[PDB]
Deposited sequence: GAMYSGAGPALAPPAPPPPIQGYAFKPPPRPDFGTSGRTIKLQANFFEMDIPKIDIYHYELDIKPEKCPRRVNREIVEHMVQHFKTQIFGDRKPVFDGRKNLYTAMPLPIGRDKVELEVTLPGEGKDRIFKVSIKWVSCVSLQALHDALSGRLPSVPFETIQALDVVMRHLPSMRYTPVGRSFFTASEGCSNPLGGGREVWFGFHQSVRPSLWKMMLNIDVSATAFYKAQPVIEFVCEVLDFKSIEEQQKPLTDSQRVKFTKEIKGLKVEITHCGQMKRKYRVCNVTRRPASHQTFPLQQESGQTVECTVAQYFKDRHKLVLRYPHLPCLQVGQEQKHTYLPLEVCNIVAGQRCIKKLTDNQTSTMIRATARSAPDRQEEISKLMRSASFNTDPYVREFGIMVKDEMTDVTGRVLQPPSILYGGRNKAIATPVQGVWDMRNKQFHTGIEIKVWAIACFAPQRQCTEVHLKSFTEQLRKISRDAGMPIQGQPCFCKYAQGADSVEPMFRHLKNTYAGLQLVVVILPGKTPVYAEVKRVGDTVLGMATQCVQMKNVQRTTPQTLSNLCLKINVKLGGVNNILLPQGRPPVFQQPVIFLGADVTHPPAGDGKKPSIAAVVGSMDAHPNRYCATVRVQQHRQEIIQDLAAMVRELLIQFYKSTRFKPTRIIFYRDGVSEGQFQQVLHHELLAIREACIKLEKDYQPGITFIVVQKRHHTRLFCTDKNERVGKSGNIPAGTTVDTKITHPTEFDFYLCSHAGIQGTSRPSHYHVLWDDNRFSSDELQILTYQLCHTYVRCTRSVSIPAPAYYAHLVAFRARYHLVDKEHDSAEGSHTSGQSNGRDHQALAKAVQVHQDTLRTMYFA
């Protein structure tokens, strides 16, 4: 259950000078002293815990703390550069403007042991000491800013609408590497709720110009969904409350049981209560109240008395417009991002931070220099008369003068237009149809003739009936092209009845994309169609593939998507040929927010069986790309899931023991690489080139991991995918695994570009995403798992493309 050591360093590829947003730390060899704090009352927000500790140090200089400057993680851990005049536990009081605070020695954090571990002598890096360093480095900014996870934010207006806005801050964390510790610094931007009166909040969320008329059920529900769980503060007295719900009734009629001077209790309206007790005549008695605290204490607050508390990060899903504006506002070219980080470093001034200097730490001002390697891309073999070989350039190629490897001929297909005939006319349909055939012929997926059926529809209630009709009627029906008028629930039903009921291949298309056609678009559309019908768009040039393909091998991609309770969705896909091109999908509904794939064993078993049925081979090796995992989970994830994979093999055959390689894929980190030489910048965004690989300098000191930017940066700064090998029975060299991983990024069939993660990992995402739409209704557990199960025929092919 221990990750294997780095076997070697890669040598393949053209060298490339890079800078990473990792800054060398000079750490002393001294011993750090760790103390534990028990603060009563407990479960106070880390913020107030810090204020308490702050006043504690200021107040107890005379006796306890002296000249030194302690650091504090906000909870129970206090660290010092030199030992305190403590040898035992000590109890003390703190009055904020009363808290019981005790302090007891825990143990000495050894930085020398860390030095040694970084040189590679010790089997494990003392996580405790790294944590200690992290506490030192972020103690100051923790007092100066609003900490959110490992990031820090402050107030600049960058509105997104709907009561939300995007704040700019920075990420900070201490990381180990070979020889030395590193400080990772990056810009970050995330959504927050604007600090404002709740009355203004309802306006922005319900699209009112001015509050002004009670609320309709529709409005109340939308308002409830938005404010539920948010903190508010009262303006009629300052205390904060968390919103449990929004009353159905208006403040004028909403009541609560108040006990009179005599033991008798009477129902009193919120409005009347605020009139008598607070002398306040509610200006908006017709609006609902916020229910806070306990359901049992009946605490309701008028809207006009509440403000949305400042500093609350938005977690609920953003709208498409909000997401669009945020992406626009946050996109930075690589050169621009590098400069922003240099500014952050300058204003961070770590080398003048009294707490950093207190612990004798020093941080280098310049980014770490690292030599990357630009791996050669694989050739892409197409099929047809030409059998053309496409050579990716800058992570991109095209299909001009090329035809699908194994292109499917379409003799029977139907068009179902759910867009109003007014906008999408017969003229548009036959113009679109004509051009699609034309393009389909160029691509080698010949649409042999006109559609056998074409009708308009609406309501999303006409889907299954029409589909029942098409299947029973037209023999050998291959494809049903569906046309939608923008976002709509019909898409969900189309995929539900298509994938989950009748088992028919469907390809949706926006109304706007049939009105005005483009060769590229229609061409990209053919990529999905040919695949959905069982075709092979292309394959890696058979020769030039890594030696792993010398024996039957299966590639698995796994991911878990969590909703914004509703269950999480686990998806595992497996390759079904030697190219590898075709994948089968397994999917499961599981516990809300559970990271581990509960039913992995059974999912892997299903895939192994499908693989054997397809290839008549039993995999000698299983290559398992796992996306959506964190460092805090590598141990637990590897344990259950590695075992589950083994269990699948055993449950299949007593002595079937293929070599397993377990690789975690991570896009969600703050490692950024920049070209040192301007001439190596690609595109307007000036990013590193596709294929850029780094397995030195900023990587794990002992274990087997590497960064690989497999994709071309289009806009903003590229995120190099990180790959961590948690287990390897197959004893890959660094080069082979890195090349293999890069080539798998070229097998993704939705586009003729190298994508940012291996195809199987990507497909897993698509499968889980598709499951969402399948679960859309109109919760019996057995029914959820059932609304996610796919039709027999469809399971053989990549319906999720």
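Judged by missing C-alpha atoms, the gaps in the deposited chain sequence fall at residues 1-24, 122-128, 188-190, 247-249, 275-277, 605-608, 823-838, listed in sequence order.
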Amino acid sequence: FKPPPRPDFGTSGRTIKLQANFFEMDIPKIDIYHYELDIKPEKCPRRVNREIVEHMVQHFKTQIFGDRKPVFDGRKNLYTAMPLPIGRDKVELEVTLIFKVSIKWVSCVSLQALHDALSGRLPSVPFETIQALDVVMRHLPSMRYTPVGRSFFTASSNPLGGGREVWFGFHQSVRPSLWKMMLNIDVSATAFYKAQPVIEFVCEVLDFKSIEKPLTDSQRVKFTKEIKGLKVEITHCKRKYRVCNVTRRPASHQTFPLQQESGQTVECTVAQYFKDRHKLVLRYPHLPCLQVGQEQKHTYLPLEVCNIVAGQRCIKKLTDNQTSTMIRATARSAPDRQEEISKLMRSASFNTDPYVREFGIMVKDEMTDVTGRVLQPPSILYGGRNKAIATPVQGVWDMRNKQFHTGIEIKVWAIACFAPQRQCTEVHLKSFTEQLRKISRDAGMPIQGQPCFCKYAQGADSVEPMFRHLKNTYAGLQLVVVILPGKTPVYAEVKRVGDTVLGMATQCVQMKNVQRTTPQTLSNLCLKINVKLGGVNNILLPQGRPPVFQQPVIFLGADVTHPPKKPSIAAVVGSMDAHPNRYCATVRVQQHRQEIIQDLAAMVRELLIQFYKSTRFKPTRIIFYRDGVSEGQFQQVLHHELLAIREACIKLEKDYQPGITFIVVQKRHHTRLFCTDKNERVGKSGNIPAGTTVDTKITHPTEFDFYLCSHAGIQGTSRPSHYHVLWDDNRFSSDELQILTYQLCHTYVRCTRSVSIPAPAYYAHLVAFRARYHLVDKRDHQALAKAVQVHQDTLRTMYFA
From here on, numbers count along this sequence of modelled residues.
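A summary of the deposited B-factors shows that, of 751-759 and 61-69, the stretch with the larger mean C-alpha value is 61-69.
As listed in the deposited structure, the average C-alpha B-factor of 181-189 and of 588-596 is greater for 588-596. Note on the listed residues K528, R373, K566, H286: the highest Cα temperature factor in the record is that of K566. The PDB entry assigns the greatest CA B-factor among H139, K213, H722, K697 to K213. Among the modelled residues of the chain, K667 sits in the lowest third by CA temperature factor in this PDB entry. Per the PDB record, residue ranking by Cα B-factor puts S102 in the highest third of the chain. In the PDB entry, a CA B factor belonging to the lowest third of its chain's modelled residues is recorded for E339. When the modelled residues of the chain are ordered by C-alpha B-factor, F432 sits in the highest third. Among the modelled residues of its chain, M798 has a C-alpha B-factor that falls in the middle third according to the deposited record.
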